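Right, one structure below, let's go through it.
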Amino acid sequence: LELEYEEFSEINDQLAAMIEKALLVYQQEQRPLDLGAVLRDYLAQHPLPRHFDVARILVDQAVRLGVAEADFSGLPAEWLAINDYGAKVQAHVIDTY
Amino acid sequence: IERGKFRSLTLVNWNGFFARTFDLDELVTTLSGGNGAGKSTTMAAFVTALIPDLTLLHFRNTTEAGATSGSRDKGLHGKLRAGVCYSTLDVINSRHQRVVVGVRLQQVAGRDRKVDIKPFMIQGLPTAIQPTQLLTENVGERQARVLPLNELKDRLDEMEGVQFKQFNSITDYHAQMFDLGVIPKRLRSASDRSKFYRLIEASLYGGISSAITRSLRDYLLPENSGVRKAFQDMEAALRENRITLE
Amino acid sequence: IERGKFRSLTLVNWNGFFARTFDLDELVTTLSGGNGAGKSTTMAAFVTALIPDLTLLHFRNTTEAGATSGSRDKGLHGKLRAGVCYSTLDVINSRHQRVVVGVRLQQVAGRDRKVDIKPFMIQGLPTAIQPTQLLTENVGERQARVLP
Amino acid sequence: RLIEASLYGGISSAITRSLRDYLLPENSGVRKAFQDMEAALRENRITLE
Amino acid sequence: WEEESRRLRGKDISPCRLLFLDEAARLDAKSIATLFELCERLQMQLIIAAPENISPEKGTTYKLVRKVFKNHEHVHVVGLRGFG
Amino acid sequence: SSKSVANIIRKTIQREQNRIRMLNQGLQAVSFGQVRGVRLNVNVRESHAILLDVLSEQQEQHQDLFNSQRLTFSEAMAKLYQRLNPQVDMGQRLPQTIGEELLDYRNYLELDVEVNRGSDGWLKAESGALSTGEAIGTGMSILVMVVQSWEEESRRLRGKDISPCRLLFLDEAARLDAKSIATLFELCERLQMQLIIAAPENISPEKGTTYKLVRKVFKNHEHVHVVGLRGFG
Amino acid sequence: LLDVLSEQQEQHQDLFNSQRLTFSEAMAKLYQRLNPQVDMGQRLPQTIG
Amino acid sequence: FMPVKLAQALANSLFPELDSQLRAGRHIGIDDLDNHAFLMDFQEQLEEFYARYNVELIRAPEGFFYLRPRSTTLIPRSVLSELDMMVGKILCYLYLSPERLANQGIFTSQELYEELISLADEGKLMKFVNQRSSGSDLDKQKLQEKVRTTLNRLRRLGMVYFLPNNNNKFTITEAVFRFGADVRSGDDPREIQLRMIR
Amino acid sequence: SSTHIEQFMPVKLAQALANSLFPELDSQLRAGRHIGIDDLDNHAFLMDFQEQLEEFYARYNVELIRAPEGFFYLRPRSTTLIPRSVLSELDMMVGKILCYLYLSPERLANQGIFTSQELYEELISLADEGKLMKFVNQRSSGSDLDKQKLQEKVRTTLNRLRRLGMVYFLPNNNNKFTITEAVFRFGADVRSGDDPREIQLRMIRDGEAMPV
Amino acid sequence: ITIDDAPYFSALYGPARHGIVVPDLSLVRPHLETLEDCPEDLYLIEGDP
Ligand SMILES: Nc1ncnc2c1ncn2[C@@H]1O[C@H](COP(=O)(O)OP(=O)(O)OP(=O)(O)O)[C@@H](O)[C@H]1O
Ligand SMILES: Nc1ncnc2c1ncn2[C@@H]1O[C@H](COP(=O)(O)OP(=O)(O)OP(=O)(O)O)[C@@H](O)[C@H]1O
Ligand SMILES: [Mg+2]
Ligand SMILES: [Mg+2]
C-alpha cells in the first residue's frame with residue numbers, strides 16, 4: 001500500500017536548552033563549578049525515571065567549560081552521591097576557564 | 001564461590017593521558033566520546049598489560065579489520081609519549097587478596113617505531129594507596145614527575161609486608177597470574193599465548209573469527225593423557241632397543 | 001548545467017521484499033532498522049543493478065572488511081528467492097530524459113549456487129508509469145503476479 | 001573498486017597503493033610523438049639482446 | 001574522472017554522482033555534519049545505513065521491520081519525518 | 001589390549017559429548033536479529049567408528065597384527081587402520097606418528113557451529129550468510145563457549161577456593177541494536193562475566209558504569225578530560 | 001634523465017662540463033632497463049625505457 | 001616482494017607434485033593425508049597464487065579441494081564426454097546407505113555396468129555408442145569398452161580408487177558428490193539423484 | 001633472522017616468480033612452446049633470471065634448455081613430473097624444409113614472408129613425391145584429389161608448428177607467414193660432420209629424440 | 001580431585017583406595033570362586049558408579 005509515516009519527539013533538545021541556559025552563568029562569572037552539587041540540585045527538578053538522561057546531558061554541557069587543574073596531581077577523585085536510590089558521580093572541580 | 005573481579009585500570013603518561021585511573025564495573029563498563037577521543041587507546045592499554053608480547057601485539061585499525069600483516073608498524077608506538085609510561089591492573093581474588101599487575105613502557109629511540117616493555121607485580125599493598133600515587137612524585141612543579149623502576153623498587157621495599165616482583169620472561173609472569181586466578185589457563189608456551197591473544201582480539205573486533213572457526217576442535221576440547229602414557233611406557237623397551245641397534 | 005539524478009530504486013522478489021520501491025533524495029537517503037532488517041541487502045541490489053559483472057560482485061560481511069578471502073560463496077545467491085527477480089533504477093538525465101536501467105536476475109538450478117543476469121534498458125516511458133506496476137500483472141483480487 | 005571501497009568505507013588499501021593509476025589521466029598527444037621513439041627504442045632493444 | 005571525459009562527452013551532459021556508506025553509526029555528529037556539507041557542495045548523492053536514525057534533520061529516511069509470517073518472511077517499510 | 005582400549009576411548013568420547021551438551025543448553029533462546037539459537041554439533045567420523053567397532057569385537061580376526069612383537073602397539077594400530085579403508089594413502093610419514101594420531105581421542109570427533117535462523121531449521125554458520133549484528137552475536141556465543149571449556153579444563157590444577165576472573169571486549173558496539181544488547185547483557189550476567197564496550201555515545205546502557213571522554217589542547221599539548229557516572233537503575 | 005637524452009653532443013658539449021650529465025649514463029640505465037620492481041599487474045608495464 | 005608464508009608454502013617439497021596433479025584437474029580428498037593437510041595449512045596463500053592464473057581454488061563443503069577455471073583461464077581447458085557425466089551421476093547414486101551392507105565400500109565393474117544399462121534410457125545409450133546402433137552384441141561390447149575407458153578417466157580425476165590388482169574392482173570417494181544434485185530442506189537424496197538421472 | 005625470505009628461497013628467484021610475466025610464460029613453456037628473440041618481453045625475462053628458472057624447473061625433473069641459436073625450451077627427463085610427447089614424421093618433413101627455407105639466401109629478399117604454396121613447391125622439389133604420398137594414402141598414385149589432401153595435411157601440421165612457436169602467420173593474411181630460429185632443432189642430426197649413427201645414439205641418450 | 005583434598009581422601013580410603021565400585025555385590029558372589037588371578041587383597045564397594 002501507500003507509505004505511512006512516524007514522527008520524532010524534541011523533548012531532549014528542549015532539556016538541553018534549559019540546561020545550557022542555566023549553566024551559562026558559571027562561565028560568565030568564571031565561578032568554580034562542582035559537578036556533585038550541580039547534579040544534586042538539578043536532579044531535584046525532574047522525576048526519577050528521567051534522572052539518567054538529565055545526568056548525561058548535563059555532563060555533556062559542563063565538560064565544554066574549561067578544565068580541572070587537579071587532574072595533573074596524580075590524585076584520583078571520589079565518587080560523590082547525587083540522589084537517593086544510589087547514583088554516584090566522579091569528577092574533579094573545574095578551575096581553569 | 002565468589003568469583004574474582006578486575007577492579008581498576010590505570011594509565012600513566014600515555015598519549016592524551018598523563019595520569020588516569022578507571023574504576024571498572026562489576027558487570028558492564030561503557031566508554032563514550034567523539035571520534036578520536038581515545039577509547040580504543042584505553043582498550044589497547046588493557047590488552048597490552050594483559051599480554052606483554054611484542055610478537056603478537058598488533059593494533060590494526062577497525063576498518064580493514066581482517067587483512068594481512070601489511071605494514072611493519074604494529075600501531076603501538078604512536079600511543080606512547082616521550083619518557084616512561086605505565087599500564088597497571090588491580091585485581092581482587094576469591095581470597096580477597098589485592099594484587100597489582102602491570103608493565104613499564106618506553107619508546108626506543110631510532111629511525112623505526114619500536115617499544116621496550118617490562119612486566120612487574122606487587123602484592124600486599126594497603127587498600128589506602130592508589131597506583132597513581134605509587135608511580136608519581138608530587139614535586140613543586142605544576143605537574144608531577146613519573147618515577148622509573150629504580151625509584152619504584154626503592155619506594156616499595158620500604159613498605160612493611162609489600163612484595164615487589166620484577167620478571168625477566170613473559171612465561172614467569174603468566175605463571176604467577178594463573179596461580180593467583182587472574183586468567184583461566186596457564187600459558188605454557190608461545191602457542192598458548194597465541195591462542196589466548198586470538199580469543200581476546202577476536203572479541204575486541206567482533207564477528208565470527210576465521211581462525212577460531214578453522215581450528216574449532218583445538219579450542220573446545222581438552223587433551224587427555226590417559227589414553228597415551230600406558231602405551232608410551234609399554235613401548236619403551238622396543239624404542240630403546242631400536243635406538244641401540246641404530 | 002543541471003546535473004543528472006537518481007530518482008528511485010525498485011526490488012522485486014528479493015529475500016524479504018516482494019515488490020518495493022524506494023524513492024531517493026536529492027542529497028541524502030538513510031536506511032534504519034534493527035539488525036537483519038535488510039539494509040545491506042538494499043545496498044547490494046543497487047550495486048548489482050549498477051555493475052552486473054558477476055566476476056566482480058562479492059558481498060562480504062562488514063566485519064572481515066578488507067580481507068581478500070576468495071570465499072567459496074560470493075553471497076549474492078542467498079539474497080534472491082526462487083523464480084524470477086528484478087532490480088531497476090530510474091534516472092533523470094541532464095537532458096531531462098527519463099531512462100530506466102536494470103537487470104533480470106534468476107537462480108540457476110543445480111548444486112552450484114550460481115546466478116543468471118540479463119541487463120535491459122527502457123527509454124521514453126511515460127512519466128505516469130511506475131516500475132512496480134510495469135513489472136507485475138494484476139491476477140486475482142489484489143494478488144499480483146510477476147512476469148518474465 | 002571505487003564503489004566497493006565507498007560501501008565498506010575507510011582508507012582502501014588497493015586505492016592508495018596505485019593512486020597514480022586512478023587519478024592521473026592519459027594523453028594522446030604524448031603518444032603520437034612517442035610512436036616514433038617507440039619504434040627506435042624497440043629496435044635498440046633488439047640489437048642489445 | 002569527470003574532468004578526463006570532458007572531451008568525449010557531449011557538451012550538454014553532466015554525469016550522475018552517487019556513493020555509499022554502510023554502518024554509518026561509527027561516525028559522530030560532527031563528522032556526519034562535515035560529510036553532509038562536503039557532499040552537498042559537490043552535488044553528490046549519498047545512501048547511508050545505520051541501526052538507529054543518525055540523521056533526523058536532513059534528507060529522507062526509511063525504517064525497515066522484518067516480520068516472520070506464515071512460514072516465510074516479509075519486510076515492512078515506513079517513512080520518518082523530522083518534526084511532528 | 002583390544003576391548004579395554006575401545007572402552008576407555010568410548011567413555012572419553014561420551015564424557016566430552018555430555019559436557020558439550022551441557023554447555024549447549026546455556027545458549028538456547030538467544031535472540032540476535034533473526035538468529036534464535038546456537039549449537040556446537042559433535043559427530044563421530046565413520047572411518048574411525050568402524051575401526052573402533054572392529055577393535056571392540058573382531059579382535060580374533062586381527063590378533064596376528066597385534067601380538068607380533070616385531071612391531072609396537074601404535075604401529076599395530078596404524079597397520080590395522082590401513083587394512084580398513086584401503087584407499088587411504090600415507091604421506092611417507094612414519095607409521096609411529098599415525099599410530100599416536102589414532103591414540104588421540106580428539107581425532108575421532110567432527111565439530112561444527114549451527115544457528116537456528118528465522119523460519120529455517122539448523123544451518124551451518126557462514127559469515128557471508130548473515131547480517132552484521134548476527135555475526136557479532138554468534139562470535140560472542142562461541143567465545144563464551146571457549147571460556148567455559150577452558151575453566152572446566154584447568155580447575156583440576158587450581159585451588160579448591162579459587163574462581164578465575166572473566167572479561168571480554170566489544171569495539172564499535174554501536175553496530176548492535178537494543179534488543180541484541182539486552183540479549184548480550186543477559187548472557188554475560190548469567191555467566192558472571194565482565195564487559196567493556198566502546199561506542200561513540202549512540203548507546204546509553206542504563207546498567208553499569210559510564211565514562212565520558214573529551215580530548216582537548218592545553219598548554220599546547222593533547223589532554224583527555226574524563227567524567228564518570230554509575231548506579232542508575 | 002630527460003635532460004641527458006634530450007641535449008645532444010655537438011651543441012651541448014660545452015654544456016656537458018657539469019658533473020651530473022653525461023652520455024654514457026643512457027647505457028648505464030641498461031642496468032635499470034632489465035627489470036624494475038613493479039608489483040601489481042594490469043595492462044602492460046615493462047621497463048625504464 | 002612475496003609474502004613469507006607463500007614462499008614457505010611453495011618451497012615445500014610436496015608442492016611440485018601437487019601442482020602437477022591440480023593442473024590436471026585432480027581432486028584432493030581427505031584420503032590423501034599429507035596433501036590434504038598441506039592444503040588446509042596453506043589455503044589462504046595458495047588461493048592467491050592460483051588466482052594469478054585466472055583459475056579458482058575451491059574447497060567443497062564435503063571437504064575435498066579442486067580447481068575451477070574461469071573463462072580467461074591461463075591453463076588450457078578440456079571437457080568431459082556425455083557418457084562421462086552419465087557415469088558420474090551413476091557413481092553418485094551408488095554412494096548410498098545400503099551400499100555399506102551391500103559391498104563394504106568395494107564395488108566391481110559389473111555393478112556399474114548393469115546399473116548403467118538398467119537405469120538409463122535406450123536412446124541416450126545409442127547416442128553414446130552411435131545413433132545407427134540397435135541392440136546388438138557388438139554394441140554392448142563397445143559400450144563395455146567405453147565404460148572401462150571413462151572409468152579410467154575418472155580414476156585420473158581421483159573420483160574412484162581401483163584396488164591394487166589387475167581386476168576391475170574399486171571404491172568410491174566422497175569427491176563424487178561433485179556430480180550430485182541440489183539439496184533442498186528435507187529432500188531425499190535418492191529421489192533427487194534419480195530425478196536428475198531421468 | 002626468522003620470518004625472512006632467504007630462509008626458504010633465494011631473493012632473485014622469488015623476485016622472478018612474483019613478476020607479472022611469469023604465469024603466461026610458465027603456462028606456455030609447459031605446453032611445449034619454444035621462445036625466440038622476436039618476443040622481446042618473454043625472451044628478456046628469460047635471460048634476466050635464467051639460472052633461477054633452471055633451478056626451479058629442476059624440481060620437476062625437467063631441464064630448461066638454451067639452444068645456441070638463443071631459443072629456450074623444456075626437455076623432460078625419464079623421471080619427469082610433466083608428460084613428454086613426440087612429433088610425427090610429416091611434422092619432421094615440414095620442419096626440415098622450413099629449416100632449409102630459413103637458411104636460403106636466395107629467398108632472403110622476401111624479408112621472411114613465405115606462402116604455403118612456396119613451401120609445398122620446395123618440399124616436392126626435394127623429397128620423393130610419390131613415395132611420400134604413401135603417408136597420405138596407401139593407394140596414392142598422383143591423383144589431384146590426393147594432391148589436395150596432401151596440401152591440406154601440410155596446412156594442418158603447419159598450423160600445429162605455429163602453436164609450438166616455430167612459425168608466425170601474418171596479422172591479416174593466413175596464406176603467408178614468417179619463420180623464427182627455433183626451426184634449427186630439426187637439424188640436430190647433421191650440425192656436426194660425423195657418423196650419422198653415433199649422432200643419433202647421442203641424441204637418444206640426451207633425450208632429444210626418439211625413433212619410430 | 002584437587003591437590004588440597006587428595007591427602008584427605010587418600011587417608012580416608014586407606015587400603016581401599018584402589019577397590020572397585022559395584023552396586024550389588026551379590027552378582028559377584030557366583031563369579032568370585034573363579035578369582036585365582038588377582039591382587040592378594042581385593043576391595044569391593046557398593047554404590048552408584
Ligand atoms: N599509533 C598512533 N599514532 C598516532 N596517532 C594515533 C595513533 N593511534 C591513535 N592515534 C590518535 O589518537 C587519537 C585517539 O585515537 P583512538 O583510536 O583511541 O580513538 P577513539 O576514541 O577510539 O576513536 P573511534 O572510536 O572513533 O575509533 C586519535 O587522534 C588518533 O588519531
Ligand atoms: N546470502 C544470504 N543468505 C541467507 N540469508 C541472508 C543472506 N544475506 C542476508 N541474509 C539475511 O537477510 C536478512 C537481512 O540481512 P541484511 O544484512 O540485509 O540486514 P541489515 O538490516 O542490513 O542488517 P545489519 O545492519 O545487521 O547488517 C538477515 O536475516 C540476513 O541474515
Ligand atoms: Mg575507536
Ligand atoms: Mg546488513
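Identifiers for the C-alpha cells are assigned positionally: chains receive A, B, ... in sequence, residues are indexed from 1 per chain, and ligands are indexed from 1 in the order shown.
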
query: Within 8 Å of ligand 3, counting only C-alpha atoms and all ligand atoms, which protein or nucleic acid residues do you find, written as an MDAnalysis selection string?
result: (chainID B and resid 35:41 62) or (chainID F and resid 171:172 198)

Same residues, C-alpha atoms, saved as a PDB file, in the first residue's frame:
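Below you can see selection00.pdb, which holds the result:
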```
ATOM      1  CA  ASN B  35      35.705  10.194  17.227  1.00  0.00           C
ATOM      2  CA  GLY B  36      39.391  10.220  18.074  1.00  0.00           C
ATOM      3  CA  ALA B  37      38.730  10.797  21.778  1.00  0.00           C
ATOM      4  CA  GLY B  38      40.803   7.794  22.878  1.00  0.00           C
ATOM      5  CA  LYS B  39      38.515   4.834  23.597  1.00  0.00           C
ATOM      6  CA  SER B  40      40.400   2.243  21.560  1.00  0.00           C
ATOM      7  CA  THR B  41      43.550   3.586  23.217  1.00  0.00           C
ATOM      8  CA  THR B  62      38.991  -1.263  12.908  1.00  0.00           C
TER       9      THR B  62
ATOM     10  CA  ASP F 171      34.702  -2.265  19.933  1.00  0.00           C
ATOM     11  CA  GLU F 172      32.325  -0.154  17.846  1.00  0.00           C
ATOM     12  CA  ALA F 198      33.105   1.319  23.302  1.00  0.00           C
TER      13      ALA F 198
END
```

query: If we count only C-alpha atoms, what is near stretch 86-89 of chain A at a cut-off of 7 Å, once residues fewer than 5 positions away on the same chain are taken out, given as a PyMOL selection string?
result: (chain A and resi 36+79-81) or (chain F and resi 228-232)

Print the selection's residues with N, CA and C atoms to a file, as a PDB file, in the first residue's frame.
```
ATOM      1  N   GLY A  36      29.174  17.537  41.484  1.00  0.00           N
ATOM      2  CA  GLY A  36      28.368  16.922  42.520  1.00  0.00           C
ATOM      3  C   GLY A  36      27.199  17.792  42.943  1.00  0.00           C
ATOM      4  N   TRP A  79      33.853   9.243  44.516  1.00  0.00           N
ATOM      5  CA  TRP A  79      32.530   9.024  43.930  1.00  0.00           C
ATOM      6  C   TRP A  79      31.481   9.694  44.814  1.00  0.00           C
ATOM      7  N   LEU A  80      30.995  10.850  44.372  1.00  0.00           N
ATOM      8  CA  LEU A  80      30.011  11.613  45.126  1.00  0.00           C
ATOM      9  C   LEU A  80      28.597  11.134  44.813  1.00  0.00           C
ATOM     10  N   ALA A  81      27.773  11.013  45.849  1.00  0.00           N
ATOM     11  CA  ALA A  81      26.363  10.700  45.672  1.00  0.00           C
ATOM     12  C   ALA A  81      25.589  11.961  45.307  1.00  0.00           C
TER      13      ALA A  81
ATOM     14  N   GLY F 228      32.708  10.389  35.012  1.00  0.00           N
ATOM     15  CA  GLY F 228      32.103   9.087  35.220  1.00  0.00           C
ATOM     16  C   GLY F 228      30.761   9.173  35.916  1.00  0.00           C
ATOM     17  N   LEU F 229      29.887   8.229  35.567  1.00  0.00           N
ATOM     18  CA  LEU F 229      28.557   8.098  36.151  1.00  0.00           C
ATOM     19  C   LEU F 229      28.284   6.628  36.422  1.00  0.00           C
ATOM     20  N   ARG F 230      27.529   6.341  37.479  1.00  0.00           N
ATOM     21  CA  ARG F 230      27.163   4.958  37.760  1.00  0.00           C
ATOM     22  C   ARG F 230      26.044   4.924  38.791  1.00  0.00           C
ATOM     23  N   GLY F 231      25.481   3.728  38.972  1.00  0.00           N
ATOM     24  CA  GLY F 231      24.476   3.474  39.983  1.00  0.00           C
ATOM     25  C   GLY F 231      23.039   3.584  39.526  1.00  0.00           C
ATOM     26  N   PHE F 232      22.791   4.039  38.302  1.00  0.00           N
ATOM     27  CA  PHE F 232      21.423   4.199  37.835  1.00  0.00           C
ATOM     28  C   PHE F 232      20.740   2.846  37.681  1.00  0.00           C
TER      29      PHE F 232
END
```

- request: Could I get the residue neighbourhood of ligand 4 at 12 Å, counting only C-alpha atoms and all ligand atoms, as a ChimeraX atom specification?
  value: /C:31-44,59-63,79 /D:7-8 /E:21-24,48-51,64 /F:33-34,127-136,175-177

Those same residues - N, CA and C atoms - I'd like them written as a CSV table (one decimal), in the first residue's frame.
```csv
chain,number,residue,atom,x,y,z
C,31,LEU,N,18.7,4.6,5.7
C,31,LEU,CA,18.0,3.4,6.0
C,31,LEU,C,18.3,3.0,7.4
C,32,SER,N,17.2,2.8,8.1
C,32,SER,CA,17.3,2.4,9.6
C,32,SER,C,16.4,1.2,9.8
C,33,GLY,N,16.8,0.5,10.9
C,33,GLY,CA,16.1,-0.7,11.4
C,33,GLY,C,17.0,-1.6,12.1
C,34,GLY,N,16.4,-2.5,12.9
C,34,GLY,CA,17.2,-3.4,13.7
C,34,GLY,C,18.1,-4.3,12.9
C,35,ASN,N,18.9,-5.1,13.5
C,35,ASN,CA,19.8,-6.0,12.9
C,35,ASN,C,19.0,-7.0,12.1
C,36,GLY,N,19.5,-7.3,10.8
C,36,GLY,CA,18.8,-8.2,10.0
C,36,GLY,C,17.6,-7.7,9.3
C,37,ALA,N,17.3,-6.4,9.4
C,37,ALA,CA,16.1,-5.8,8.7
C,37,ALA,C,16.2,-5.9,7.2
C,38,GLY,N,17.4,-5.6,6.6
C,38,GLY,CA,17.5,-5.7,5.2
C,38,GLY,C,18.2,-4.5,4.5
C,39,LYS,N,18.9,-3.7,5.3
C,39,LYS,CA,19.6,-2.5,4.8
C,39,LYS,C,20.7,-2.9,3.8
C,40,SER,N,21.6,-3.7,4.2
C,40,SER,CA,22.7,-4.1,3.4
C,40,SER,C,22.2,-4.8,2.1
C,41,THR,N,21.1,-5.5,2.2
C,41,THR,CA,20.5,-6.1,1.0
C,41,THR,C,20.1,-5.1,0.0
C,42,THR,N,19.6,-4.0,0.5
C,42,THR,CA,19.2,-2.9,-0.5
C,42,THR,C,20.4,-2.3,-1.1
C,43,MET,N,21.5,-2.1,-0.3
C,43,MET,CA,22.7,-1.6,-0.9
C,43,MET,C,23.2,-2.6,-2.0
C,44,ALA,N,23.2,-3.9,-1.7
C,44,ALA,CA,23.7,-4.9,-2.7
C,44,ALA,C,22.8,-4.9,-4.0
C,59,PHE,N,30.0,-9.9,-2.0
C,59,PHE,CA,29.4,-9.2,-0.8
C,59,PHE,C,29.8,-9.8,0.5
C,60,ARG,N,31.0,-9.3,1.0
C,60,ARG,CA,31.4,-9.8,2.3
C,60,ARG,C,30.6,-9.1,3.4
C,61,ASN,N,30.7,-9.7,4.6
C,61,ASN,CA,30.2,-9.0,5.8
C,61,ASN,C,30.9,-7.7,6.0
C,62,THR,N,30.3,-6.8,6.8
C,62,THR,CA,31.0,-5.6,7.1
C,62,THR,C,32.2,-5.9,8.0
C,63,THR,N,32.1,-6.8,9.0
C,63,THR,CA,33.2,-7.4,9.6
C,63,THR,C,33.9,-8.3,8.5
C,79,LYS,N,20.5,-13.9,-1.3
C,79,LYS,CA,19.6,-12.8,-1.3
C,79,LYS,C,18.5,-12.8,-2.3
D,7,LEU,N,31.4,1.6,-0.2
D,7,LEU,CA,30.4,0.9,0.5
D,7,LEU,C,31.0,0.5,1.9
D,8,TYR,N,32.1,-0.2,1.9
D,8,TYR,CA,32.7,-0.6,3.2
D,8,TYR,C,33.4,0.5,3.9
E,21,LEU,N,27.8,4.3,2.1
E,21,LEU,CA,28.5,4.1,3.3
E,21,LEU,C,27.7,3.3,4.3
E,22,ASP,N,28.1,2.1,4.6
E,22,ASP,CA,27.4,1.2,5.5
E,22,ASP,C,28.0,1.4,6.9
E,23,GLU,N,27.2,1.0,7.9
E,23,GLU,CA,27.5,1.2,9.3
E,23,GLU,C,27.9,2.7,9.6
E,24,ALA,N,27.1,3.6,9.2
E,24,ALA,CA,27.3,5.0,9.4
E,24,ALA,C,27.4,5.3,10.9
E,48,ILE,N,23.2,6.0,3.0
E,48,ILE,CA,23.8,5.5,4.2
E,48,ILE,C,22.9,4.7,5.0
E,49,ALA,N,23.4,3.8,5.8
E,49,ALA,CA,22.7,2.8,6.6
E,49,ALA,C,23.2,2.9,8.1
E,50,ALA,N,22.3,2.7,9.0
E,50,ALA,CA,22.6,2.6,10.4
E,50,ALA,C,21.5,2.0,11.2
E,51,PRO,N,21.7,1.2,12.2
E,51,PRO,CA,20.6,0.6,13.0
E,51,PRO,C,19.7,1.7,13.6
E,64,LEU,N,12.9,0.0,8.4
E,64,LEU,CA,12.6,-1.3,8.0
E,64,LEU,C,12.4,-2.2,9.1
F,33,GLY,N,19.0,-10.6,15.9
F,33,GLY,CA,18.3,-10.4,14.6
F,33,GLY,C,17.4,-11.6,14.4
F,34,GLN,N,17.5,-12.3,13.3
F,34,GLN,CA,16.7,-13.5,13.0
F,34,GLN,C,17.3,-14.8,13.5
F,127,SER,N,29.7,-16.8,7.7
F,127,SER,CA,29.7,-15.3,7.8
F,127,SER,C,29.0,-14.6,6.7
F,128,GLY,N,29.2,-15.1,5.4
F,128,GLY,CA,28.6,-14.5,4.3
F,128,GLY,C,27.1,-14.6,4.2
F,129,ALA,N,26.5,-15.5,5.0
F,129,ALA,CA,25.1,-15.7,5.0
F,129,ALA,C,24.4,-15.1,6.2
F,130,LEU,N,24.9,-14.1,6.8
F,130,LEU,CA,24.4,-13.4,8.0
F,130,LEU,C,24.5,-11.9,7.9
F,131,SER,N,23.7,-11.2,8.6
F,131,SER,CA,23.9,-9.8,8.7
F,131,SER,C,25.0,-9.5,9.6
F,132,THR,N,25.3,-8.2,9.8
F,132,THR,CA,26.4,-7.8,10.7
F,132,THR,C,26.2,-8.1,12.1
F,133,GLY,N,25.0,-7.7,12.6
F,133,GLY,CA,24.8,-7.9,14.1
F,133,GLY,C,24.7,-9.4,14.4
F,134,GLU,N,24.1,-10.2,13.5
F,134,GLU,CA,24.0,-11.6,13.8
F,134,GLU,C,25.4,-12.2,13.9
F,135,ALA,N,26.3,-11.8,13.0
F,135,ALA,CA,27.7,-12.3,13.0
F,135,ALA,C,28.3,-11.9,14.4
F,136,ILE,N,28.2,-10.7,14.8
F,136,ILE,CA,28.8,-10.3,16.1
F,136,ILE,C,28.2,-11.1,17.2
F,175,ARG,N,27.1,-1.0,16.5
F,175,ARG,CA,26.6,-1.9,15.4
F,175,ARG,C,25.5,-2.8,15.9
F,176,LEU,N,25.2,-2.9,17.2
F,176,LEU,CA,24.2,-3.7,17.7
F,176,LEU,C,23.0,-2.9,18.1
F,177,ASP,N,21.8,-3.5,17.9
F,177,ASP,CA,20.5,-2.8,18.2
F,177,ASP,C,20.2,-3.2,19.7
```

query: Within 10 Å of ligand 1, counting only C-alpha atoms and all ligand atoms, which protein or nucleic acid residues do you find, written as a PyMOL selection string?
result: (chain B and resi 15-16+31-44+59-63+73-80+113) or (chain E and resi 26-28+31) or (chain F and resi 171-173+198-201+213-215+222+224)

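Contacts from chain D to chain B at a cut-off of 9 Å (only C-alpha atoms) map to residues 8, 9, 10, 11, 12 and 13 of chain D.
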
Same residues, C-alpha atoms, saved as a JSON list (two decimals), in the first residue's frame:
```json
[["chain", "number", "residue", "atom", "x", "y", "z"],
["D", 8, "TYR", "CA", 32.69, -0.60, 3.21],
["D", 9, "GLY", "CA", 34.24, 2.80, 3.93],
["D", 10, "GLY", "CA", 37.70, 3.84, 5.05],
["D", 11, "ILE", "CA", 41.15, 4.07, 3.53],
["D", 12, "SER", "CA", 41.02, 1.37, 0.86],
["D", 13, "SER", "CA", 44.35, -0.45, 0.68]]
```

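Scanning stretch 50-180 of chain F with DSSP on the backbone, the strand (DSSP E) assignments fall on residues 109, 110, 111, 112, 113, 114, 115, 116, 117, 122, 123, 124, 167, 168, 169 and 170 of chain F.
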
- request: Find the residues near residue A:67: any atom within 8 Å, counting only C-alpha atoms, skip ones fewer than 3 places away on the same chain, and give them as a ChimeraX atom specification.
  value: /A:63,94-97 /F:225

Quick one: write out the picked residues with N, CA, C and O atoms as a CSV table (one decimal), in the first residue's frame?
```
chain,number,residue,atom,x,y,z
A,63,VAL,N,31.3,19.8,30.5
A,63,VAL,CA,32.7,19.5,30.2
A,63,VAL,C,33.3,20.5,29.2
A,63,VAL,O,34.5,20.6,29.1
A,94,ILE,N,36.1,22.1,38.4
A,94,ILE,CA,36.6,22.8,37.2
A,94,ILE,C,37.1,24.1,37.6
A,94,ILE,O,36.4,25.0,38.1
A,95,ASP,N,38.4,24.4,37.4
A,95,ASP,CA,39.1,25.6,37.8
A,95,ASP,C,39.6,26.5,36.7
A,95,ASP,O,39.5,27.7,36.8
A,96,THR,N,40.1,25.9,35.6
A,96,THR,CA,40.8,26.7,34.6
A,96,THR,C,39.8,26.9,33.5
A,96,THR,O,39.4,26.0,32.7
A,97,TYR,N,39.3,28.2,33.3
A,97,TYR,CA,38.4,28.5,32.3
A,97,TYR,C,39.1,29.4,31.2
A,97,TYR,O,40.0,30.1,31.5
F,225,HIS,N,39.9,14.9,29.0
F,225,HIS,CA,39.1,15.1,30.2
F,225,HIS,C,38.1,14.0,30.4
F,225,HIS,O,37.5,13.5,29.4
```

message: I'd like to know which residues of chain H are helix (DSSP H, G or I) (by DSSP, run on the backbone); could you write them as number ranges by chain?
response: H: 4-11, 15-23, 33-51, 82-94, 99-103, 109-119, 122-129, 137-157, 174-179, 189-197

Do me a favour and pick out the residues of chain H within 6 Å of chain F, using only C-alpha atoms, as a CSV table (one decimal) with N, CA and C atoms, in the first residue's frame.
```csv
chain,number,residue,atom,x,y,z
H,31,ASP,N,41.4,-38.6,1.9
H,31,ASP,CA,42.2,-39.8,1.8
H,31,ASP,C,43.7,-39.4,1.8
H,32,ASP,N,44.0,-38.5,1.0
H,32,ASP,CA,45.4,-38.1,0.8
H,32,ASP,C,45.9,-37.3,2.0
H,34,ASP,N,48.7,-36.3,3.6
H,34,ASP,CA,49.7,-35.3,3.6
H,34,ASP,C,49.2,-34.1,2.7
```

task: Skip residue H:157 itself and residues of its chain fewer than 4 positions away, then list as number ranges by chain all residues within 9 Å of it, counting only C-alpha atoms.
output: H: 24-27, 152-153

task: Using only C-alpha atoms, determine which residues lie at most 12 Å from residue E:36, disregarding the query and same-chain residues fewer than 5 positions distant; provide the list as a ChimeraX atom specification.
output: /C:27-29 /E:29-31,41-48,55,57-59

query: Please, which residues of chain D lie no more than 9 Å from chain I when the count uses only C-alpha atoms, and can they be set out as a PyMOL selection string?
result: chain D and resi 42+45-46+49

Can I get the selected residues back with C-alpha atoms, as a short mmCIF file (atom, residue, chain, number, x, y, z; two decimals), in the first residue's frame?
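Generated output (selection_20.cif):
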```cif
data_model
loop_
_atom_site.label_atom_id
_atom_site.label_comp_id
_atom_site.auth_asym_id
_atom_site.auth_seq_id
_atom_site.Cartn_x
_atom_site.Cartn_y
_atom_site.Cartn_z
CA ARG D 42 62.37 -1.26 -29.77
CA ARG D 45 66.41 -3.43 -27.61
CA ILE D 46 66.62 -5.91 -30.42
CA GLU D 49 69.65 -8.62 -26.88
#
```
